[PDB]
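J.: Taken in sequence, the protein lines are chains C and D. If you count the first sequence from 1, you need to add 614 to reach the entry's author numbering. If you count the second sequence from 1, you need to add 819 to reach the entry's author numbering. Backbone N, C-alpha and C define an ideal beta-carbon position, used for all residues, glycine too.
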Amino acid sequence: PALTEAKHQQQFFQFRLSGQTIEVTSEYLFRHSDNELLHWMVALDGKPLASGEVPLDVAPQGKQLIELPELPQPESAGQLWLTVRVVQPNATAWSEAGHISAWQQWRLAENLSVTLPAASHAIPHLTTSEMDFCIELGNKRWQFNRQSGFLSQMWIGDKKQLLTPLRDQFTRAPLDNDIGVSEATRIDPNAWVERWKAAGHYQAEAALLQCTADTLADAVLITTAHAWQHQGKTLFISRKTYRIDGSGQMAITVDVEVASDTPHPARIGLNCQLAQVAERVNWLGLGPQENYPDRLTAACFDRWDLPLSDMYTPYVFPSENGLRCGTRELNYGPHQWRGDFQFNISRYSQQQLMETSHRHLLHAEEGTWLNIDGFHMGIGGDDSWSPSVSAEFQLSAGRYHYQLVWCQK
Amino acid sequence: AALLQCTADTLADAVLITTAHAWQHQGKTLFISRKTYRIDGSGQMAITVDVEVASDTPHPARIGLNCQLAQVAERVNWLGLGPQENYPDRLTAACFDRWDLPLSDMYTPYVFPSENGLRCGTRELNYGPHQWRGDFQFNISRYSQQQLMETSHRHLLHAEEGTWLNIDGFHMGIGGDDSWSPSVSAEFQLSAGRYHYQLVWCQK
Ligand SMILES: [K+]
Ligand SMILES: [K+]
Ligand SMILES: [K+]
Ligand SMILES: [K+]
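#1: I want to check one thing, is the minimum distance from the CB of residue 696 (chain C) to the heavy atoms of ligand 1 below 7 Å?
#2: So, is the C-beta of residue 871 (chain D) closer than 8 Å to a C-beta in chain C?
#3: Is there a Cβ from chain C that is less than 8 Å from the Cβ of residue 941 (chain D)?
#4: Under three-state DSSP, which class holds residue 891 (chain C)?
#5: Taking residue 990 (chain D) as part of the beta strand (DSSP E), name the residues at either end of that continuous run.
#6: Using DSSP's beta-bridge definition, name the partner residues of residue 697 (chain C).
#7: In its own chain, which residues sit with a C-beta less than 6 Å from the C-beta of residue 809 (chain D), not counting the 5 before and 5 after it?
#8: Smallest Cα separation from residue 622 (chain C): which of C:699, C:679, C:685?
#9: Tell me where the alpha helix (DSSP H) around residue 768 (chain C) begins and ends.
#10: Using a Cβ-based criterion (distance less than 7 Å to any ligand heavy atom), does residue 796 (chain C) qualify as near ligand 2?
#11: Would you check if the distance between the CB atom of residue 671 (chain C) and the CB atom of residue 647 (chain C) is smaller than 8 Å?
#12: Taking DSSP as the reference, what is the three-state secondary structure of residue 851 (chain D)?
#13: Which same chain residues end up closer than 7 Å to residue 676 (chain C) when comparing Cβ atoms and leaving out the 5 residues on each side of it in sequence?
#14: Just checking residue 657 (chain C) against ligand 3 - is the residue's beta carbon closer than 7 Å to any of the ligand's heavy atoms?
#15: Determine, using beta-carbon pairs with one atom in the region 828 to 846 of chain C and one in the region 971 to 978 of chain C, whether at least three such pairs fall under 8 Å.
#16: Could you check the C-alpha separation between residue 962 (chain C) and residue 758 (chain C) for me, to the nearest Å?
#17: What are the residues of the region 827 to 859 of chain D that lie near chain C, defined by any Cβ-Cβ distance shorter than 7 Å?
#18: For residue 767 (chain C), collect the residues of the same chain with a Cβ closer than 7 Å to its Cβ; drop the 5 residues on either side in sequence, then sort them by chain order.
#19: Could you round the C-beta distance between residue 755 (chain C) and residue 745 (chain C) to whole angstroms and report it? I think they count as a contact, below 8 Å.
#20: Cβ of residue 875 (chain D) less than 8 Å from any chain C Cβ?
#21: Taking only heavy atoms of ligand 2 into account, decide whether any of them is closer than 7 Å to the Cβ of residue 970 (chain C).
#22: Verify the CB distance criterion: does residue 987 (chain D) have a CB-CB separation below 8 Å to chain C?
#23: Which value, in whole angstroms, describes the spacing of the CA atoms of residue 965 (chain D) and residue 866 (chain C)?
#24: Does any heavy atom of ligand 4 sit closer than 7 Å to the C-beta of residue 948 (chain D)?
#25: Quick one, which residues of the region 977 to 1005 of chain C are near chain D if we go by CB-CB under 7 Å, in chain order?
#26: Name the DSSP bridge partner or partners of residue 901 (chain C)?
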């Protein structure tokens, strides 16, 4: 995946946008742009609104101004995005006709949604037992285990949707950059993986602090709080609400506290093993290829749709892989998640990726492992033998908030 | 502030008020603010605020709440960065500790009046019978933002009835690399699009 980051950062045309004007600057020293046209496209949350093309005619080191036509105003709420691409119409000795040599995106106008969701005809029903809070609505059921404080099962009709409960996750199967030169017989205590292991991040157990249920006018509200601890040290506190309303949507609000003296964690998110295996993964967010917070320039915001296997990057030494960032909607099987998150989705658990030394030894697990992160640490790489994630990509804020809506698709 | 939603729910040990507002200008929605206020049997009011800011509006100077309190009290006591005025791009000198000053020391008398007296990184503020806890920036004084904006000279300011409190989840840098062109660096501009903050308001 890193190759596309290199291609993008090494582009030979640079772009600025001011109003309707794209300024194209050539970083060629010798050639005119005699095999180039610029394709531009504007889309509303991935729905195409307009597009066109203009030939590039820019001297080496020169500039060209391209004035976009006035766009019709979008017919609904959302964010308009401009993407431009430089396409070479003619084959060369080194490329085929249609080769894309450069791209860039910008946010254009945003019209925030102010329209209220229509009041639903049904209201969900809570059953309280010693073991569980259960919520039923039509063809859906959600079960919160009261001893664990997690969503342990959901049903659509008779079908269970979870193989493992939805739980917080603060670790990642460590990248080569997280490990550096550390080895079992010669620990490098400075490496990220060793800081996390020494602080108990991989071993920490959830302690339940609070698990309560209330009914609102139009919804059932489940409130939980957990502490992760290691040898008497509280590493992380996760406070949540789940609100399940008459429309079938479950809104999940998560507020995490991270002890200031614990090493900053690899991620702040949730995970679960879904019962289903589906063929496609469809999302509105950065893509199409794997992208991480400090390696996401090349990815573009649009609507992507790939086979599940494309969502796993087969690094020979297995690790956390396949994240996509800046995602506002994710679709898989009957499920839809909305928010502003990073995710990966695959048949391999973090545990399996961490434990397995070679990609050919991985086996697909039952169902589909989903990791959905409010926040994810950078991956680094300035070298691979000392910590290299720059401070602005470390999760050092202390308090973190994210919110997800889980509904049917 | 167009009102989108205002509801009340009576819970087990609390009343929950939920609001949503859109700020608009000439048809353009600039900001949305969604809040809950949870008032419990201990008398605490927990306020949660989630704001959306249109990506195409200029980044805002602050994202916060304000009000004019009836109370005028002698001291201001906070656990936060101080003791002097500090802003996000000018707070290295301020230290985190418990500070306790006369009210007048929470106003900086710039000859040309403007926003002034913020203290950042504050976890607890006390003023008269009130206490606010969270992780916020604040200023507190006898002068409204409107009055500071409209008044050309500090000697023309008049103390208003009561006390103006501005409590911000987030505040833009002040800049200063020069004073004739925008100078607040990107990392101190409120560009994130979505902002969350939470406060508890109680008595004592
Ligand atoms: K990008
Ligand atoms: K491994
Ligand atoms: K400081
Ligand atoms: K003034």
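T.: Taking the definition as stated:
#1: Sequence index remark: in the first sequence, residue 696 (chain C) carries index 82 (1-based). At a threshold of 7 Å, residue 696 (chain C) does not count as near ligand 1, since its beta carbon sits no closer than that to any of the ligand's heavy atoms.
#2: Translated into the one-based positions of the second sequence, residue 871 (chain D) becomes position 52. Residue-level contact by beta carbon holds for residue 871 (chain D) and chain C, with a gap shorter than 8 Å.
#3: For this step, residue 941 (chain D) is matched to residue 122 along the second sequence. The Cβ of residue 941 (chain D) sits no closer than 8 Å to any Cβ of chain C.
#4: Within the first sequence, residue 891 (chain C) is the residue found at index 277, counting from 1. Coil at residue 891 (chain C), not helix or strand.
#5: By one-based count along the second sequence, residue 990 (chain D) stands at place 171. Where residue 990 (chain D) is concerned, the enclosing beta strand (DSSP E) stretches over 982 to 990.
#6: Against the first sequence, residue 697 (chain C) aligns to sequence position 83. Partner(s): C:655, C:719.
#7: Past the boundaries of the shown model lies residue 809 (chain D); chain D is included only from 820 to 1023, so the question cannot be answered.
#8: Within the first sequence, residue 622 (chain C) is the residue found at index 8, counting from 1. Nearest to residue 622 (chain C) by C-alpha distance, out of C:699, C:679, C:685, is C:699.
#9: Numbered from 1 along the first sequence, position 154 holds the residue referred to as residue 768 (chain C). For residue 768 (chain C), no alpha helix (DSSP H) segment is defined; the enclosing uninterrupted segment is the beta strand (DSSP E) at 765 to 770.
#10: The residue given as residue 796 (chain C) occupies position 182 in the first sequence. Checking the 7 Å criterion, the Cβ of residue 796 (chain C) is out of range of every heavy atom belonging to ligand 2.
#11: As a working mapping, residue 671 (chain C) is identified with position 57 in the first sequence. As a working mapping, residue 647 (chain C) is identified with position 33 in the first sequence. Contact: yes.
#12: On the second sequence, residue 851 (chain D) is found 32 positions in, with the first residue counted as 1. The three-state secondary structure of residue 851 (chain D), taken from DSSP, is strand.
#13: As a first step, residue 676 (chain C) is located in the first sequence; it is residue number 62 there, counting from the start. The beta carbon of residue 676 (chain C) sits closer than 7 Å to the beta carbons of 640 from its chain, once the five residues preceding and following it are set aside; these are given in chain order.
#14: For the purposes of this step, residue 657 (chain C) is taken as the residue at position 43 of the first sequence. False, no ligand heavy atom lies under 7 Å from that Cβ.
#15: Output reads no: the region 971 to 978 of chain C does not touch the region 828 to 846 of chain C.
#16: The residue labelled residue 962 (chain C) in the question sits at position 348 within the first sequence. The residue labelled residue 758 (chain C) in the question sits at position 144 within the first sequence. Each residue's alpha carbon lies about 25 Å from the other.
#17: Residues 828, 830, 831, 841, 848, 851.
#18: Residue numbering aside, residue 767 (chain C) sits at position 153 when the first sequence is read from its first letter. 757, 774, 776, listed in sequence order.
#19: For the purposes of this step, residue 755 (chain C) is taken as residue 141 along the first sequence, with counting starting at 1. For the purposes of this step, residue 745 (chain C) is taken as residue 131 along the first sequence, with counting starting at 1. In this structure, residue 755 (chain C) and residue 745 (chain C) do not form a Cβ contact; the two beta carbons are roughly 15 Å apart against a cut-off of 8 Å.
#20: Position 56 of the second sequence holds residue 875 (chain D). It does: the Cβ of residue 875 (chain D) has a partner Cβ on chain C nearer than 8 Å.
#21: Translated into positions along the first sequence, residue 970 (chain C) becomes position 356. Yes - ligand 2 has a heavy atom lying nearer than 7 Å to the Cβ of residue 970 (chain C).
#22: Counting from 1 along the second sequence, the entry for residue 987 (chain D) is found at position 168. For residue 987 (chain D), the answer is no, since every Cβ of chain C falls outside 8 Å of its Cβ.
#23: As a position in the second sequence, residue 965 (chain D) is number 146, starting the count at 1. As a position in the first sequence, residue 866 (chain C) is number 252, starting the count at 1. Rounded to the nearest angstrom, the two C-alpha atoms are 39 Å apart.
#24: The count along the second sequence starts at 1 and reaches residue 948 (chain D) at position 129. No - ligand 4 has no heavy atom lying nearer than 7 Å to the Cβ of residue 948 (chain D).
#25: Taking 7 Å as the Cβ-Cβ cut-off against chain D, none of the residues of the region 977 to 1005 of chain C qualify.
#26: Position 287 of the first sequence, counted from the start, is the residue given in the question as residue 901 (chain C). Per DSSP, the beta-bridge partners of residue 901 (chain C) are C:914.
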